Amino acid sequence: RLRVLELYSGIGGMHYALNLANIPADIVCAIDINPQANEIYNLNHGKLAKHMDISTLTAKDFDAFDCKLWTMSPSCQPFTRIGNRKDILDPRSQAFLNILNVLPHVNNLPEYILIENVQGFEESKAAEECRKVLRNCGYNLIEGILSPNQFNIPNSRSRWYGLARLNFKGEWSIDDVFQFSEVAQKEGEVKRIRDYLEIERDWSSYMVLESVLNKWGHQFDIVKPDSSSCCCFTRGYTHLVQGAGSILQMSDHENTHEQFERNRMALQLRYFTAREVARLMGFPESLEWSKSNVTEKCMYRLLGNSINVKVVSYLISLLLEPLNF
């Protein structure tokens, strides 16, 4: 079976994607500094997540893990750091550079590496350093930008992905991943928002406040159940308006802008629930947090930093093909 090290594990999107890809995978360790993430991780996947600063990992640590696949969703922003006080710096994006500095020292280089990051990572100095050390350590690296709405998922979430195979001299391309998306177009199989919504819940706690709608309401992106996309969810969702996620019109008004000026409260606008956000990001229904100390408000923040499980399941399948499972 494949021993996997899941770095920057969060609530375990990578583990869920490995499950979908039917990889016989043993997550040897999941590492995250956020105890709230680890609490959700361990409740759902088993006690595999450990509290550890990835910037302190040594080659002896990686040797003990002895993992053939490493996954990571590192924290690399800001891509260009400012400031002369390199003395007092907390290890932030130092953790990713620590991985790159320690990798050439391990006893057994991992045969497969999967890296996920935000769009624009590809132009960063960190990406330049990553390509350099991977090339020097004999990896074949392919990379690309992919969004769920390329796979018939009605959500925008463009992300950079790097897939690396050690000592691989064949031919592959990130675009091969589309041979896995069963999706086609018939217009009745095109997924829309309604396919992810919860139904007949009490929406009171999710209704957008009139105070926010009166002050900033023109900045919302409003979608309806029949919409074929919605905007990217972030940590700011339900707190910051612009650029943090779309909201849902529950009323039947066809002309949303016209009704907005007439009476914006009659649009019955609500936030997506955290369950709906999880569904749009490809998490299965088994994902649970009710039995934890983690509130739905905190779940929005954890989900805002999570991968799309569906997209990564396809990339994992592509990455691990030479293992002939």
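Start at 1 and count along the sequence shown; that's the residue number.
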| item | value |
| --- | --- |
| Between the two ranges 92-100 and 155-163, the one averaging a larger CA B factor in the entry | 92-100 |
| Selected stretch [higher average CA B-factor]: 176-184 or 234-242 | 176-184 |
| Options 115, 127, 142, 82 - largest CA temperature factor per the record | 82 |
| Residue with maximal Cα B-factor (values as given in the PDB entry) among 73, 108, 136, 204 | 204 |
| Residue 5 by Cα B-factor - lowest, middle or highest third of the modelled chain | lowest |
| Ranked against its chain, the third holding the CA B-factor of residue 63 | middle |
| Cα B factor band for residue 260 (lowest, middle or highest third within the chain) | middle |
| Entry-reported Cα temperature factor of residue 41, expressed as the chain third it lands in | middle |
| Where the record places residue 289 (Cα B-factor, split into thirds across the chain) | highest |
